[PDB]
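Reading through the C-alpha coordinates given below for one structure.
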Amino acid sequence: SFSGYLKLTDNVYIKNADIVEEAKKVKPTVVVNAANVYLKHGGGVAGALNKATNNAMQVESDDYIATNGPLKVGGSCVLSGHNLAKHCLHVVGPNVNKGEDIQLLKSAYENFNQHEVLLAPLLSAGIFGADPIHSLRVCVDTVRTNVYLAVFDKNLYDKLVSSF
Ligand SMILES: NC(=O)[C@H]1CCCn2ccnc21
(Lines give C-alpha, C1' and ligand atoms only; values in the text may rest on other atoms or scores of the structure.)
Protein backbone atom coordinates (compact mmCIF):
# COMPACT_ATOMS: atom_id res chain seq x y z
CA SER A 1 0.00 0.00 0.00
CA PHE A 2 1.01 3.76 0.11
CA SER A 3 4.22 4.37 2.08
CA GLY A 4 6.08 7.46 3.30
CA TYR A 5 3.12 9.87 3.23
CA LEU A 6 2.68 12.72 5.67
CA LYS A 7 -0.92 12.73 7.03
CA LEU A 8 -2.45 16.21 6.57
CA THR A 9 -6.03 15.42 7.66
CA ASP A 10 -8.28 12.41 8.39
CA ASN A 11 -8.32 11.57 4.66
CA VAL A 12 -5.60 13.59 2.89
CA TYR A 13 -1.98 12.38 2.68
CA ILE A 14 1.00 13.96 0.89
CA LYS A 15 4.42 12.82 -0.32
CA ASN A 16 7.31 14.29 -2.30
CA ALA A 17 7.21 11.78 -5.11
CA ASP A 18 7.05 11.35 -8.83
CA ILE A 19 3.44 10.24 -9.46
CA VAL A 20 4.57 7.93 -12.34
CA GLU A 21 7.07 6.16 -10.06
CA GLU A 22 4.53 6.12 -7.27
CA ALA A 23 1.87 4.57 -9.53
CA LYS A 24 4.35 1.98 -10.90
CA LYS A 25 5.25 1.03 -7.26
CA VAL A 26 1.75 0.95 -5.68
CA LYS A 27 -0.36 0.04 -8.76
CA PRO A 28 -3.32 1.86 -7.12
CA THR A 29 -6.95 1.24 -7.97
CA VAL A 30 -7.09 4.84 -9.24
CA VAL A 31 -4.43 7.23 -10.43
CA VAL A 32 -5.69 10.77 -11.17
CA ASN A 33 -4.47 12.51 -14.28
CA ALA A 34 -4.28 16.33 -14.53
CA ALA A 35 -6.18 16.23 -17.80
CA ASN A 36 -7.42 18.89 -20.23
CA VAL A 37 -10.87 18.77 -21.91
CA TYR A 38 -9.42 17.23 -25.08
CA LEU A 39 -7.44 14.55 -23.18
CA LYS A 40 -4.30 15.75 -25.04
CA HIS A 41 -1.64 14.53 -22.61
CA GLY A 42 1.17 16.75 -23.83
CA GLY A 43 2.99 17.89 -20.71
CA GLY A 44 3.05 18.20 -16.92
CA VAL A 45 1.53 15.22 -15.10
CA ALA A 46 -0.52 14.15 -18.18
CA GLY A 47 2.51 14.08 -20.45
CA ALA A 48 4.46 12.09 -17.86
CA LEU A 49 1.65 9.55 -17.17
CA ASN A 50 1.02 9.14 -20.92
CA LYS A 51 4.75 8.61 -21.67
CA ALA A 52 4.86 5.92 -18.93
CA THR A 53 2.04 4.06 -20.77
CA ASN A 54 4.07 4.18 -24.05
CA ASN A 55 1.29 6.45 -25.48
CA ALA A 56 -1.47 3.84 -24.83
CA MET A 57 -3.24 6.40 -22.62
CA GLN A 58 -3.30 8.89 -25.54
CA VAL A 59 -4.56 6.27 -28.04
CA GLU A 60 -7.35 5.28 -25.64
CA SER A 61 -8.12 8.96 -24.89
CA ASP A 62 -8.36 9.87 -28.59
CA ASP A 63 -10.94 7.10 -29.08
CA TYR A 64 -12.83 8.38 -25.99
CA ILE A 65 -12.91 11.95 -27.40
CA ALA A 66 -13.88 10.73 -30.89
CA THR A 67 -16.90 8.99 -29.31
CA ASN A 68 -17.89 11.43 -26.56
CA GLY A 69 -16.50 14.83 -27.37
CA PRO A 70 -14.51 16.93 -24.92
CA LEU A 71 -14.87 16.87 -21.16
CA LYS A 72 -16.09 19.92 -19.24
CA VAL A 73 -13.63 21.98 -17.16
CA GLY A 74 -14.31 20.59 -13.65
CA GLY A 75 -15.35 17.24 -15.13
CA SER A 76 -13.78 13.83 -15.39
CA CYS A 77 -13.87 10.47 -17.04
CA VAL A 78 -12.66 7.03 -15.93
CA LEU A 79 -10.40 5.26 -18.39
CA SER A 80 -7.83 2.45 -18.10
CA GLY A 81 -4.88 2.88 -15.79
CA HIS A 82 -2.76 0.83 -18.24
CA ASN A 83 0.53 -0.22 -16.50
CA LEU A 84 0.11 2.49 -13.81
CA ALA A 85 -3.17 1.66 -12.06
CA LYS A 86 -6.43 -0.30 -12.44
CA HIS A 87 -8.09 2.97 -13.62
CA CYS A 88 -7.09 6.46 -14.52
CA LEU A 89 -9.48 9.19 -13.41
CA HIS A 90 -8.83 12.03 -15.89
CA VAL A 91 -9.86 15.16 -14.05
CA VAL A 92 -9.92 18.61 -15.68
CA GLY A 93 -9.01 21.36 -13.28
CA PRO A 94 -9.31 24.98 -14.53
CA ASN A 95 -6.22 26.16 -16.40
CA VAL A 96 -5.50 29.67 -15.13
CA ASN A 97 -3.07 30.17 -18.07
CA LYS A 98 -6.17 29.69 -20.42
CA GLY A 99 -8.15 32.22 -18.28
CA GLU A 100 -10.40 29.49 -16.83
CA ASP A 101 -12.46 30.09 -13.70
CA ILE A 102 -10.49 29.06 -10.55
CA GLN A 103 -13.90 28.49 -8.83
CA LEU A 104 -14.13 25.30 -10.99
CA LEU A 105 -11.30 23.76 -8.91
CA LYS A 106 -13.80 22.66 -6.22
CA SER A 107 -15.97 20.95 -8.89
CA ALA A 108 -12.84 19.25 -10.25
CA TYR A 109 -11.92 17.87 -6.78
CA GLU A 110 -15.51 16.65 -6.24
CA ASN A 111 -14.82 13.97 -8.85
CA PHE A 112 -12.41 12.34 -6.34
CA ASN A 113 -15.35 11.59 -4.01
CA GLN A 114 -16.58 8.88 -6.39
CA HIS A 115 -13.48 6.76 -5.51
CA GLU A 116 -12.67 5.44 -2.03
CA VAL A 117 -8.90 5.77 -2.53
CA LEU A 118 -6.84 7.65 -5.12
CA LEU A 119 -3.25 8.51 -5.96
CA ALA A 120 -3.36 12.10 -7.30
CA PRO A 121 -1.53 15.26 -8.16
CA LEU A 122 -2.65 18.73 -6.98
CA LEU A 123 -5.29 19.82 -9.50
CA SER A 124 -4.62 23.01 -11.51
CA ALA A 125 -1.06 23.17 -10.10
CA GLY A 126 2.10 23.27 -12.25
CA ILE A 127 1.51 24.15 -15.87
CA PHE A 128 -2.22 24.77 -15.13
CA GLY A 129 -1.14 27.98 -13.39
CA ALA A 130 -3.06 27.93 -10.11
CA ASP A 131 -1.47 28.43 -6.71
CA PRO A 132 -0.65 24.91 -5.40
CA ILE A 133 -1.21 26.12 -1.80
CA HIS A 134 -4.79 27.08 -2.82
CA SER A 135 -5.20 23.70 -4.65
CA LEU A 136 -4.21 21.79 -1.49
CA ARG A 137 -6.69 23.84 0.58
CA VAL A 138 -9.52 23.12 -1.91
CA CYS A 139 -8.50 19.44 -1.92
CA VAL A 140 -8.68 19.07 1.90
CA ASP A 141 -12.00 21.04 2.04
CA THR A 142 -13.63 19.11 -0.83
CA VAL A 143 -12.34 15.54 -0.96
CA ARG A 144 -13.81 13.20 1.66
CA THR A 145 -12.35 9.95 0.27
CA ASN A 146 -8.71 8.86 0.87
CA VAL A 147 -6.39 10.86 -1.34
CA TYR A 148 -2.66 10.34 -1.56
CA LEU A 149 -1.14 13.40 -3.13
CA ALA A 150 2.19 13.11 -4.97
CA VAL A 151 4.13 16.42 -5.30
CA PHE A 152 7.12 16.09 -7.60
CA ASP A 153 8.92 19.34 -6.69
CA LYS A 154 10.69 18.99 -3.19
CA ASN A 155 10.76 22.77 -2.69
CA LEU A 156 7.00 22.97 -3.42
CA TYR A 157 6.30 19.92 -1.19
CA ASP A 158 8.16 21.62 1.72
CA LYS A 159 6.29 24.90 1.12
CA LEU A 160 2.94 23.04 1.05
CA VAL A 161 3.64 21.14 4.31
CA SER A 162 5.18 24.13 6.14
CA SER A 163 2.26 26.44 5.25
CA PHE A 164 -0.58 23.91 5.85
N1 LIG B 1 4.83 16.89 -14.17
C2 LIG B 1 4.81 16.87 -12.85
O3 LIG B 1 4.36 17.79 -12.17
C4 LIG B 1 5.49 15.67 -12.24
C5 LIG B 1 4.96 14.37 -12.90
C6 LIG B 1 5.87 13.18 -12.58
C7 LIG B 1 7.27 13.39 -13.13
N8 LIG B 1 7.68 14.79 -13.03
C9 LIG B 1 8.88 15.33 -13.42
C10 LIG B 1 8.76 16.66 -13.25
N11 LIG B 1 7.53 16.97 -12.73
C12 LIG B 1 6.90 15.82 -12.63
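One-based numbering, in listed order, for ligands and for the atoms of each. The residues of the chain are indexed from 1 along the displayed sequence.
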Starting from the N and O atoms of ligand 1, find every protein N or O within less than 3.5 Å and list the pair with its distance.
unit_1, atom_1, unit_2, atom_2, d
ligand 1, 1 (N), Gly44, O, 3.4
ligand 1, 1 (N), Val45, N, 3.3

In terms of the angle between their ring planes, are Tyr148 and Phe2 parallel, tilted or perpendicular, with boundaries placed at 30° and 60°?
parallel
Please list, chain by chain and in numerical order, all residues satisfying salt bridge (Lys or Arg N to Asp or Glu O under 4.0 Å) with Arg144, sequence neighbours excluded.
none
Among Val45, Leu89, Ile19, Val20, find the residue that satisfies the side-chain contact (heavy atoms from CB on, under 4.5 Å) test when tested with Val31.
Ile19
Going through the checks in order, is the salt bridge (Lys or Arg N to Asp or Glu O under 4.0 Å) test met by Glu21 and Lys24?
CA-CA 5 Å; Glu21 290 307 308; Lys24 286 194 289 180; 3.1 Å; yes
Does CG in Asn54 sit with more than 12 non-hydrogen atoms of other residues, nucleotides or ligands closer than 6.0 Å?
no
Nearest 0.5 angstrom please: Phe128 CZ to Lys98 NZ, how far?
6.0 Å
